[PDB]
Structures are given as structure tokens and as C-alpha cells.
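Novice: 3D model of this:
(chains A, B, C, D, E, F, G and H)
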Amino acid sequence: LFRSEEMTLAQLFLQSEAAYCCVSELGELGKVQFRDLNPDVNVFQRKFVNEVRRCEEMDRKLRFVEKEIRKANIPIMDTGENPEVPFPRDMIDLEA
Amino acid sequence: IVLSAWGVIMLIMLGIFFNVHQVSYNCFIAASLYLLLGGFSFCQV
Amino acid sequence: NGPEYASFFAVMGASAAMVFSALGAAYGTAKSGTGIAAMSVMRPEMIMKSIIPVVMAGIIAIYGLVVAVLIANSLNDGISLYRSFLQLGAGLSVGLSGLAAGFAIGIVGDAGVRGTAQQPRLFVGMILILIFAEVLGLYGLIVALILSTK
Amino acid sequence: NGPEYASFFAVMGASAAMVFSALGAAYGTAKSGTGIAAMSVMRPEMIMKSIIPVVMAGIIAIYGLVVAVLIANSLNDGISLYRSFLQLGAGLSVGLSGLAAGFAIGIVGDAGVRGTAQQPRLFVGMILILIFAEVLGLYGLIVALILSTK
Amino acid sequence: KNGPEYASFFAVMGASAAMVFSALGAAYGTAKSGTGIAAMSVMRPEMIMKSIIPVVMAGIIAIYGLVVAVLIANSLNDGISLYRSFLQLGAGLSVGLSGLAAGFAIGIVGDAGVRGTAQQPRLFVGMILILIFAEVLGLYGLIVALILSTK
Amino acid sequence: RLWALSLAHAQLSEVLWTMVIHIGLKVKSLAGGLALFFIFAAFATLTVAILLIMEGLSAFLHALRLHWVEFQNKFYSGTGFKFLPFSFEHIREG
Amino acid sequence: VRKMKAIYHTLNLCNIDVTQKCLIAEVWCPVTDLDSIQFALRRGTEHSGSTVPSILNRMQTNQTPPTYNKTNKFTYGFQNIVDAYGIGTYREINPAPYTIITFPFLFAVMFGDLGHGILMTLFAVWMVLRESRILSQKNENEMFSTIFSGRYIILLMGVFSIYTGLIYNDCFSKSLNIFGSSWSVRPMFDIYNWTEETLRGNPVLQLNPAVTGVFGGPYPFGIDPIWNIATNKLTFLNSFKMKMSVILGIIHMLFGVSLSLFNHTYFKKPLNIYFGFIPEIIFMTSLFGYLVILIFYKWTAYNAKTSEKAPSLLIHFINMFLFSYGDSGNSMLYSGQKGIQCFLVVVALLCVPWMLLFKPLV
Amino acid sequence: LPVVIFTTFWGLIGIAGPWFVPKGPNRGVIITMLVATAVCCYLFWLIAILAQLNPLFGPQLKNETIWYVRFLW
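Specialist: Numbering: from 1, shown residues only, chains lettered A, B, ... in the order given. The relevant structure is shown in the block below.
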């Protein structure tokens, strides 16, 4: 391993319907370096800033429950199993 | 916490090395140490 | 044998090993002692834990104590001038190094316990720096012994 | 052989090699140690990465310890006055230049860890200055060595 | 021919003071300018490899003292003449205290130079030029220390 | 410095033997019992907190500084950029 | 939810979407890892129900690429130790395969003890054997986190300090015998010399010669225990430990300067070889490679029987630069020493014009 | 002689190591380690004896200890 690994800068063409499923499968593989195409824009107007709010309040309520169980001292088993990524058709059902 | 268990193997082998090398002083310090500090290895679990 | 005034230099090493190490152990106790009282008014839980710089400053004092007895056990009338100069150089090299080590313990021991009143993570960092300031008094010991044995 | 008072200058070379060097290491530990406690209130994550000027200043005492041992090994009664003066200049050139090096690691180690918390880019530059800060004691070593071989 | 028994004291004090005072000058050159690095770099992290020139110009001052401390320590012998030992003593002060002056000058203008470089980089081509003239003061003391140890 | 640190580590190992364990060892009759049990217990925390901790940490960073300065200056330039691949390994359990 | 937040965070990082109703992403990826991403992306779009497979276009731009190193569970500690000083650029030689051995080796020479070598590795094997249940617990103070992050570094540190602890005895500053102690030739010194009158009184700590009957064989593995029981112990050790410290210092720095060749012959830059590799390896062999062969020459030539007036390597290293030759205090180490040494300095001297003046012809 | 014994024994590890290595992903790392560990531990052992071989000194042994060392060796 004395020389290096060599990088490519390939270019992706992801469709609108295949925009969540491919990137989620790329994350399980874990060998990509997504580069910012538009750095000169603010924190909103990034096309997907609507539900990344909604994922934070889903995280905010889940941080509240995790405080609640340990306050009542019911230590939860891990049972180590990495689950698969939930589709956005399951995202509406998750808030309910 | 269990540092007494670390004290066993060092003081056991130190008593052996004084058993080898008048010589009767070296055996007197040896028989006094690992018979007693090895006996003082009674500690908590 | 040596001259009559030969014993003056060796007893100076017996005193300066204890005097200058006491000044270091005092400054390690006094300068860090003000840091305990300023910390204590907000955090009364870290009081028995906060005494660790004033204990290590006490170790600086017994570094000068062991060489002061070891020089005084080697004292004798009619000693050579060569033997007395070693014990003078041994006494200065542990007291003035203990005064330096007691200076370092007093400074970081004060600022460490003032800092750990606002963050408990600093307590493992402060005790690391106090160890490095402690060996300065210890390094003065091993040159004091290697001069006093010969 | 030499005169009776010859051994005094050589044991002064054995003590000044340790006294001034430990004092240099004391200032490098104390001044940079105050910088750690002021840094860690805001940034607790870098205290393992930040205790490097305390360690680099500690070698100053170890640089003085080597010459203190090397001078005390060449000591015998009836050394020549030429051999005694060489060890005196060996101890002064490794002690007081170590006191110079401990001043540099003390100041740069103080202000460098203040800027390391507010910006982690300084860590490559901070340890680079500490290289040039420590070699002052290292340059004092090789002149103390070349004076002690004669 | 053979000198007095106390003769080697002065030349030894020339070997030590050539190294003690030059490292003391290189101490002030590194410490005062190293403060200016950490004060500048909180707002301009890009210039941190360009700004370490005042701390390496102070490092040359230490090597100015290191060389003549070797030069004096090789002319030393048992029973040197009293003329020769005063030469090595006068050589050592003329490089140590001059390097102390050059090291004190580098530390002041090196600290002030990197403060104003954080506000305008046009000072950087001028900061080195003043740092040159501060560094030759050590070189002036070096070349007179060599001509005193030559004899 | 790898002669200076080794000489300091050797001389510290000698003095922390010949001073604080020799007092327990050089005793005629009641040496191996009540005396050396607490003498070794003082020796136990001293060889850990002084001889193991700081000498082990000083030699760790000064074996390190010979690589950063005297080894990675001949060939290594090192401006660099790190990869940071997009993965889910950050979220292992928490 | 923390996965889904991350995918929607990197879709904010994704395309301006002005081009079409699709997303474009300029990602970096390993060239040899390119079959695995395409096999995943072909079935990744199948879960969405799309009949249109996403494609991967390769670019040929001139932006600087990041670095990547194949990282194991073992070599991760040695990687970020190198990476802490500076990130490596594109296709520089990583020193981390060489840092795996040399950095615990350079630790072990300056931290050398058999007894502390036992203490370091027994703590280390406790950190790696129970490492499943230790990692199960969340997080602790900095005196457990950095120590657990380097559990394999401190493993090789404890192993090598056991070995270098055998090179110079020093097991809690004590020593061991493995078919040795064959310096301490008591009988020959006193039998062949005078025994009892000398035992007490005039001498309390008298020296041994090596040439009466005393020294047979130099202790086949390490430092013989006769030095540790003597009183002159340091004057042999500081003679030994200073020479070997600068011996290791050259060949480690010589190994570093030889790796500058492989960083220039791979970039196809033969200009850099003819002022970067050639005069640098000559400059270090002439001044410093000649120093390590003087240590080897003095070690084998002189002995106790002859040559009490033995020269010193400090003075002869000075007379290379300060050109004064001819003196009666220090004799020459070998025949023709004046002729070879002046040749070694001028070829070290002219390398500084050779390095400087011939490179700016661009 | 100890020199000719250890040279071929350190000439076995690190020569025949590059020859007897698994074909896994760590092959390059394993060979490097044998090469290095070989060149470090041998030359460390080399300069310890060589700085013993043809000596200039002798152990300055204290009083009691010298007769005591005669009785044991």
C-alpha cells in the first residue's frame, strides 16, 4: 500500500424518481465524495430543505422519548442489526 | 483495584532470583518475601 | 585530612537542599491554595479532589528532606575539600530544582483548579501537567544522589 | 595533580547544568500550562493534542540531566584546573541555553494553544515553531558535549 | 610557552557566552514573533506557512552562536597562552551579545510585521527586507568572532 | 534525544528502585511482611504515574516528532485533501 | 431518521436542478472500485421502479483530487498519526506502512525496559482481547478514548520495548543471564594480579583491565551484566548509547531521502531526480554516512591491550570542516586519513552549487 | 560465534517471509513488516555487540562485590 488510491471525479445522472433510492444505496456502499455544485446559495432553496426540517422534528421527538425511557429506567436492548433505509412512502406513515 | 495481582508475579520471580544469588543472606531475604507477600496476595474479588 | 573550614561548604548543601525546596513546596501550596478557595464557592463537590496539586508540592519537600539527611549522615570533621564540594553541588541541584518544580506546580495548579470549576474534563488534563512538573524535582534528586555517593 | 579547590568549578558545572535547565523546563510547563486551562473551557476536545508544549519543554530538563550525569562521572579528586573549567562551561552552556529554550516554549506554547482552540489550522504551524524553540537547548547540548570530551 | 593554570577560564567563558547569549537572542526572536503568529492566524489561516520566516531568521542567530562555540572549543588546550584565551573570550562576547541584539531586533520587527500583514499583504515584501537588515547584525558579530579566533 | 530520553529513563528506573524499594529490602528481620507490603504499594503507584505515564508519553511524542520533522521532510510535502466518503458508518449505534 | 436526514442533506449538496428534472452529481470515487458502484447503482434504481438506469460519466478535469488509503482495523492508528501533521497529496508515498514498525522501534530505543515492556503489552493485550465489550459502552474521558484508539500502537510499543529491553538488560533497571556474564573474569584479574592486600583499604571500587585474562566473548545477545554491577557503568553506556543514537539517526534519514526518488520517478519528472535525489544522497553520505563508518571502524580496531591513546570522533568530525590537519593530541584513525577526508568535504561542498545553480534552467 | 548464528537466522525471517505469505489483501503489509522488523532488530542487535567487541574499558566494581562475584560468575 505504498503508492496511494487513485480518484476519478465521475459524474452522476440521477433521475427524479430514482433520486432517493440510488443515493441511499450509495451510502451503504460508502465510497463517494459528493461535491457542492452550488456553493453560492443560502441554507434554504436547496430543493430538499422542506423535509430535512421534518426529519429534524422526527429526530427531536425521538430525542425526547430516549430521555423519557432512561428517566423511567427501562434499559433497551440493542440486538445489533443494521436496518435498511426507509422509502419516502414510509416517511408520511412514520410521523403518524 | 486488582493491582495486588500485578504484585504477585513480580514478587514471585524476584524471590526466585534471590534464591539463586554469603548466599545465606540472599536466601534469607528471599524466603521472607515471596512466602509472606505471596501470602499477602489475599485480596478482594 | 582536609582543612578546618572544609565543613562549611558541605553543611551549606545540607541547608540549601532543605531551604530552597521548602520555598518551592510553599509556593506550590500557597499559590495553588488561593485557587482552591476561589473554586470552592461554586463547586463544593470538588474539594477532596482539588487537593492534588498541594500533595505533589509536598513531594517536592521530601525530595529535599532525603538529601539533607543523606548529606548530614555523611558529615564528619576532617573531610576532604573534594567531598564537601560534591555535597554543596548536590544540595543546590535539588533545592533550586525543587524551587523550580514548586514554581511550576504552583502556577499550573492554581490555573488548573480555577479552570476545572467550569469544566470537569480539565481534571484529567491538569493532573497530566502536574506529573511533568513533578519530575523536575525528581531530576534534581538523581543528580544530588550521584554527586553524594561519590 | 590539580589544586584542592579545583573540584568546585566542575561540581558547579554539574549543578548549573541541572538548576538552570529545570528552571527553563519549569517556565515552559507553567506558562503553557496556564494556556491549557484557558483553552479547555471553550474547547475540551483538544487536550491530548494540546499538551505537546508541556512535553517539548520537559526535554529541556532531560537535556540538562545528561550533562549533569556526564560531568559527575568524570569527577575525581585532583582533577586539573583545565579539566574543571571545561565542565563549568559545559554546565553553563547547557543550563542557561536551556533556560533560553524554556522561555521560547513557554511563550509560544502559551499563545499557540490559545489560537489552536479558536482555529485548528494553527496546529501544523504551532508545532513547527516549537521545533525552532527546542533546538536552542539542543544546540546547548552539543557544545556541552564537545567541551566535555576534552 | 606554557601558560598559567587559570588561563583556560576566560576562553571557556567565551565558548559559553557565545552559546548562552545567542540562544537568548534566538529565544526572544522566536517567542515574540511566535506570539504574532497565533494572533494573526485566528483571522487569516492561509498565511501561516509564509509567516514563519521571522522565526527561522532567529534560528540562524542560534547557529551563528553554535559555530563559534565549536571554534572556541577546538582551540582549547591545557596551558594555552593568556593572549589566546582573551581572544576566544572577546570572540564569544562579540557574537553572543551581538546575536542577542540581532535576536531582540528580529523579535520586535517580526512580531509587528506579521500583525500588519494580516491587514495588508503588501507589507510582506517589506517585512522581509527589514528582517534582512536585522539578521546581518548577527552576521557582523560572527565575522568578527571568526577573525578573533583565527589568531 | 533518543539517547537523552533513554538515559533519563534508565537513570529514573535505577533511582526508583534503589531508593524506595531498597528501604523495604535492606531490613534484617521484619522485612518481607508488614514493611515491604506497603513499600511496594508506594512503589506501585510511583512506577505507574511517573515511570510509566510521563516517560511513556514523552517517548511517544518524541518518537513521533522524529517522523514529522526528520523523516517527512525529505520526501513528504503534504498539503493534501482528505477523502471523507459519504457513508452510514458514522451512525453505528449513536 | 438519521439516515434519511443524511440522504436529504446530500441531496441539498446535489444538483442545481436547472438543467432538467433530474439530479447531477460530480462525485469522487476510486478507479479500481468502479465495478462495485455500477453494480449497486444498477439495482439501486430498480427499487424505485424506474426502467431508466442511471449512468456514470467520467470527467477529465484539472481539479485536485483528494487522497485515499486502504484502511484496516490495525493500520488506522498508524494512519491518523501520520495524517495529524499533514494530509498527503495525490499519490505521494504514504509513510504509514513504514510508521507501523519504525515508530514503535524509535519508541523502544528511548523507552527500553523488559519490566516496563511487560507492563505496556499486558495492558495492551487487555485492551484488544476485551475490545468488544469495551466498545459496547458509549464514551468516556480522554484518558480512555485516545488510549483505546491506539490499542494496536501500544501493542507494538510493548512488544518492541521487550526486545530492546533485552539489548540493554534493564528489566526494572535489573538484568538477566542467558548463558553469559562472560566479561566478569574475577579470578583472572586477581589471581593474575594481587588479591587480598587489595581487597580493602587502598581500593574500594578498583577497575579491571581487559587484556590479562578477563574478556572472552562479547555476550552473544545484549549487554553483559558485568556493567550493571560495576560503578563505571555510565561511561561505557554513554559511550555506547550516544554512538548508536546517531547511527539510527542517519539510516532512518537516509531511508527518507531515498523515498524522494520514488516520488519523482513516478511523476515522470526526471528534472527533480538530478538535483533532488543525486546530490542529497551524496551530501548525507559524505558528511554523515562517513560518520557512521567511523563508529564501526573505531569499535573493531582498538582494544584494551594496545592503544590507550585512542582518538576521539568529536575532534575528527570537526577537522573535516575546520580544515586544520596535523596535530599530536589526536592521531589519525587509519592510514591516508588526511587524503580521503579532504576529498569527502569538497564533494560535499560543491553539491551546494550543484543543487542550487543548475535547477533554475527552466 | 554468535554473529554467524544470528545473521542467517535473521536472514531467514524477512527473506523467506516474502516467500511464505498469504495472498490476502494484507500481503503487501505483511511483507513490508517482515522487511522492516528484520532490518531494525538485526542492526539494533548488531551495534550492541560491536560496541563490545574489541573493548577499551572494564567494569569498575565495588569492594565486596568483587569477591562475591568470584564465588558465582
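
Novice: spatially central residue in the chain, please.
Specialist: Chain wasn't specified; assuming chain A. Centroid check for chain A by Cα atoms, centre = their mean gives residue A:24 as the closest residue, at 7.4 Å.

Novice: that was the other one, I meant chain F.
Specialist: Geometric middle of chain F (Cα atoms, centre = their mean) lands on residue F:56, at 1.3 Å.

Novice: how much space separates that one from chain D?
Specialist: 11 Å (Cβ to the nearest Cβ, to the nearest Å). Quick note: C-beta positions are derived from backbone N, CA and C, even for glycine.

Novice: who are the contact partners of the residue of chain H found nearest chain C?
Specialist: Nearest to chain C, among the residues of chain H, is residue H:62, at 10.7 Å (Cβ to the nearest Cβ). Going by Cβ atoms under 8 Å, 6 or more residues apart in numbering or on different chains, residue H:62 touches G:204, G:205, G:230, G:231.

Novice: hang on, the earlier thing: the residue nearest to the centre of chain A: which element?
Specialist: helix A:21-29 (DSSP states H and E).

Novice: that helix: what's the following helix or strand?
Specialist: According to DSSP H and E, the helix or strand after helix A:21-29 is strand A:33-34.

Novice: contacts for that following strand, please.
Specialist: A:7, F:83-86, G:10, G:13-14, G:25, G:27-29, G:66.

Novice: top of the residues you listed by neighbour count?
Specialist: residue G:14 (27 neighbours; other Cβ atoms under 10 Å in any protein chain shown).

Novice: that one - that's part of a helix, no?
Specialist: No: counting by DSSP: H, G, I helix; E, B strand; the rest coil, residue G:14 is not found in a helix; it is coil.

Novice: roughly how far apart are it and residue G:41?
Specialist: 14 Å (Cβ to Cβ, to the nearest Å).

Novice: cool, residue G:346 as well?
Specialist: 64 Å.

Novice: what about those two, which has more around it?
Specialist: residue G:41 (23 against 10).

Novice: part of a helix, is that one?
Specialist: Yes: assignment of residue G:41 by three-state DSSP places it within a helix.

Novice: what sits against it?
Specialist: Contacts of residue G:41 by Cβ under 8 Å, 6+ apart are A:22, A:25, A:26, G:53, G:54, G:56.

Novice: now for the residues you listed, which pair is the farthest apart?
Specialist: Greatest spatial distance in these: A:26 and G:53, 14.4 Å, computed using Cβ to Cβ.

Novice: looking at the two, which is more packed in?
Specialist: Neighbour count, other Cβ under 10 Å: between residue A:26 and residue G:53, residue A:26 has more, with 26 against 17.

Novice: my guess is the more buried one contacts residue A:32, does it?
Specialist: Yes: between residue A:26 and residue A:32 there is a contact under Cβ atoms under 8 Å: 5.3 Å.

Novice: what does chain C put close to chain H?
Specialist: Nowhere does chain C come near chain H, counting by Cβ under 8 Å from any Cβ of the partner chain.

Novice: find the closest residue to chain A in chain C.
Specialist: residue C:120 (20.7 Å).

Novice: and what of chain F?
Specialist: Counting by Cβ to the nearest Cβ, chain F gets nearest chain A through residue F:87, at 2.9 Å.

Novice: list the residues that contact the closest residue to that residue other than its chain neighbours.
Specialist: Of all residues not flanking residue F:87 in the chain, residue A:30 sits nearest, at 2.9 Å (Cβ to Cβ, 6 or more residues apart in numbering or on different chains). Taking Cβ under 8 Å, 6+ apart as the contact definition, residue A:30 lies against F:85, F:86, F:87, F:88, F:89.

Novice: distance to residue F:51 added to the contacts of residue G:41, as a markdown table?
Specialist: Below are the contacts of residue G:41 laid out as a markdown table (distance: Cβ to Cβ, whole Å):
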| residue | distance to residue F:51 |
| --- | --- |
| A:22 | 57 |
| A:25 | 54 |
| A:26 | 51 |
| G:53 | 65 |
| G:54 | 61 |
| G:56 | 58 |
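
Novice: ramachandran angles for the residue in chain H that chain E sits nearest to?
Specialist: Proximity of chain H to chain E (Cβ to the nearest Cβ) peaks at residue H:56, 22.0 Å away. When quoted as degrees, to the nearest 10, the phi and psi of residue H:56 stand at phi -120, psi 0.

Novice: do residue G:26 as well
Specialist: Taking degrees, to the nearest 10 as the convention, residue G:26 sits at phi -90, psi 90.

Novice: how many neighbours does the residue lying closest to it once chain neighbours are set aside have?
Specialist: Distances taken as Cβ to Cβ, 6+ apart place residue A:35 nearest to residue G:26, at 5.0 Å, with adjacent residues excluded. Here the number of neighbours of residue A:35 (other Cβ under 10 Å) works out to 15.

Novice: show me the contacts for residue A:35.
Specialist: Residue A:35 touches A:9, G:13, G:25, G:26, G:27, G:28, counting by Cβ under 8 Å, 6+ apart.

Novice: so what's the backbone phi/psi at it?
Specialist: phi -110, psi 140.

Novice: go on, residue A:4?
Specialist: According to degrees, to the nearest 10, residue A:4 has phi 160, psi 180.

Novice: hmm, residue G:68 and it touching each other?
Specialist: Yes: using Cβ under 8 Å, residue A:4 makes contact with residue G:68 at a distance of 7.2 Å.

Novice: sorry, back to before: can you verify the residue nearest to the centre of chain F is assigned to a helix?
Specialist: Yes: according to three-state DSSP, residue F:56 belongs to a helix.

Novice: contacting residues around it?
Specialist: G:111, G:116, G:120 are the contacts of residue F:56 under Cβ under 8 Å, 6+ apart.

Novice: equivalent analysis for residue G:142, please.
Specialist: If you count contacts by Cβ under 8 Å, 6+ apart, then residue G:142 has C:121, C:124, C:125, D:47, D:48 around it.

Novice: from the residues you listed, which land in helices?
Specialist: Among the contacts of residue G:142, the members found in helices (DSSP state H) are C:124, C:125.

Novice: among the contacts of residue G:142, which one sits closest to chain F?
Specialist: residue D:48 (9.6 Å).

Novice: check the gap between the closest one and residue C:20 for me.
Specialist: 34 Å.

Novice: now do the contacts for the most centrally placed residue in chain C.
Specialist: In chain C, the residue lying closest to the centroid (Cα atoms, centre = their mean) is residue C:60, at 2.7 Å. The contact partners of residue C:60, by Cβ under 8 Å, 6+ apart, come to C:21, C:24, C:25, C:28, C:98, C:101, C:102, C:105, C:134, C:137.

Novice: not counting its neighbours along the chain, what's nearest the first one?
Specialist: The reference is to residue C:21. Nearest to residue C:21 is residue C:64, by Cβ to Cβ, 6+ apart, at 2.8 Å.

Novice: return the alpha-carbon coordinates of the one helix or strand the one you found maps to using CSV.
Specialist: Assessed by DSSP H and E, residue C:64 sits inside helix C:52-73. Below are the C-alpha coordinates for helix C:52-73, written out as CSV (Å, rounded to 0.1, in the frame of the first residue of the first chain):
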residue,chain,number,x,y,z
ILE,C,52,-3.9,17.0,44.3
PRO,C,53,-1.5,20.0,43.5
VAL,C,54,-0.8,20.7,47.2
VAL,C,55,0.1,17.0,47.8
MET,C,56,2.5,16.9,44.8
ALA,C,57,4.1,20.1,46.2
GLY,C,58,4.6,18.1,49.4
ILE,C,59,6.6,15.5,47.4
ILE,C,60,8.9,18.3,46.4
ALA,C,61,9.6,18.9,50.1
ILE,C,62,10.6,15.3,50.9
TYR,C,63,12.9,15.4,47.8
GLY,C,64,15.0,18.0,49.7
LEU,C,65,14.5,16.1,53.0
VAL,C,66,16.1,12.8,52.0
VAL,C,67,19.2,14.5,50.6
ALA,C,68,19.5,16.7,53.7
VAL,C,69,19.7,13.7,56.0
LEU,C,70,21.9,11.9,53.5
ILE,C,71,24.4,14.8,53.5
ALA,C,72,24.2,15.1,57.3
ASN,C,73,24.9,11.4,57.7
